[PDB]
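Comments concern the structure below.
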Amino acid sequence: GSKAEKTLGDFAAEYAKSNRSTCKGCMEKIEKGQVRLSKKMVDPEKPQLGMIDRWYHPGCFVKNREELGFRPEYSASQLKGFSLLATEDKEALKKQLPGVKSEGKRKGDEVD
Ligand SMILES: [Zn+2]
């Protein structure tokens, strides 16, 4: 099967469908109807349950980005489903954690 271009295959973004998600970045519950992010990794406080989709707030996932293992080549523009958020949230995620384009992600010479 073909490789993905919208995600690096390690972290995700969506609106919070529920208050059942809790931010591991500060240990407070994530609010329904606003953005929530997660990373896939084995939980370091309970490794026995294996790789989980560990949830974080829009501020907190940037605060621990370097613990989560982000690099500029694959910032918030490489989260799952990021493109389906509102334009103001897509801008605000990049404004805190922006991705490098110099790899040739969009030159204006792809489909044009
Ligand atoms: Zn938080």
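Each chain of the structure tokens is named A, B, ... in the order shown, its residues numbered from 1; ligands are numbered from 1 in display order.
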Chain A residues near ligand 1 within 8 Å, closest pair each, using only C-alpha atoms and all ligand atoms, as CSV:
residue,atom,partner,partner_atom_place_in_ligand_line,distance
A:22,CA,ligand 1,1 (Zn),7.9
A:23,CA,ligand 1,1 (Zn),4.7
A:24,CA,ligand 1,1 (Zn),6.7
A:25,CA,ligand 1,1 (Zn),4.9
A:26,CA,ligand 1,1 (Zn),4.3
A:27,CA,ligand 1,1 (Zn),6.3
A:28,CA,ligand 1,1 (Zn),5.9
A:29,CA,ligand 1,1 (Zn),7.6
A:30,CA,ligand 1,1 (Zn),7.3
A:56,CA,ligand 1,1 (Zn),5.6
A:57,CA,ligand 1,1 (Zn),4.5
A:58,CA,ligand 1,1 (Zn),7.6
A:59,CA,ligand 1,1 (Zn),6.7
A:60,CA,ligand 1,1 (Zn),4.8
A:61,CA,ligand 1,1 (Zn),7.6
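Near residue 97 of chain A, within 9 Å and counting only C-alpha atoms, sit residues 62, 65, 72, 75, 76, 77, 92, 93 and 94 of chain A, not including residues fewer than 3 positions from it in the same chain.
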Which residue out of A:80, A:107, A:101, A:6 has the minimum interatomic distance to residue 37 of chain A when only C-alpha atoms are used?
->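 Closest to residue 37 of chain A, using only C-alpha atoms: A:80.
The smallest atom-to-atom distance between residue 90 of chain A and any of A:112, A:5, A:14, A:43, using only C-alpha atoms, is found for A:14.
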Atom pair atom CA of residue 105 of chain A / atom CA of residue 40 of chain A: separation (Å) |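 Computing it gives 23.6 Å between the two atoms.
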Between atom CA of residue 66 of chain A and atom CA of residue 32 of chain A, what is the distance, to one decimal in Å?
->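 Spanning atom CA of residue 66 of chain A to atom CA of residue 32 of chain A is a straight-line distance of 26.2 Å.
Atom CA of residue 20 of chain A sits 20.9 Å away from atom CA of residue 47 of chain A.
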Could you tell me which of A:79, A:41, A:84, A:51 comes closest to residue 67 of chain A if we count only C-alpha atoms?
->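 Looking only at the distances to residue 67 of chain A, the closest residue turns out to be A:41.
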Please report, as a list in words, each residue of segment 11-107 of chain A to which DSSP assigns strand (DSSP E) when run on this structure's backbone.
->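 Matching residues for strand (DSSP E) in segment 11-107 of chain A are residues 11, 12, 13, 14, 15, 22, 23, 28, 29, 35, 36, 37, 38, 39, 40, 41, 42, 51, 52, 53, 54, 55 and 56 of chain A.
Ranking A:52, A:4, A:38, A:96 by their shortest atom-to-atom distance to residue 68 of chain A, with only C-alpha atoms included, puts A:38 first.
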Among the residues of chain A, find those DSSP assigns to alpha helix (DSSP H) from the backbone and print them as a PyMOL selection string.
-> chain A and resi 60-63+65-68+87-96
Might you pull out every residue within 6 Å of residue 39 of chain A, with only C-alpha atoms counted and same-chain residues fewer than 2 positions away left off, and present them as a ChimeraX atom specification?
-> /A:10-11,53-54
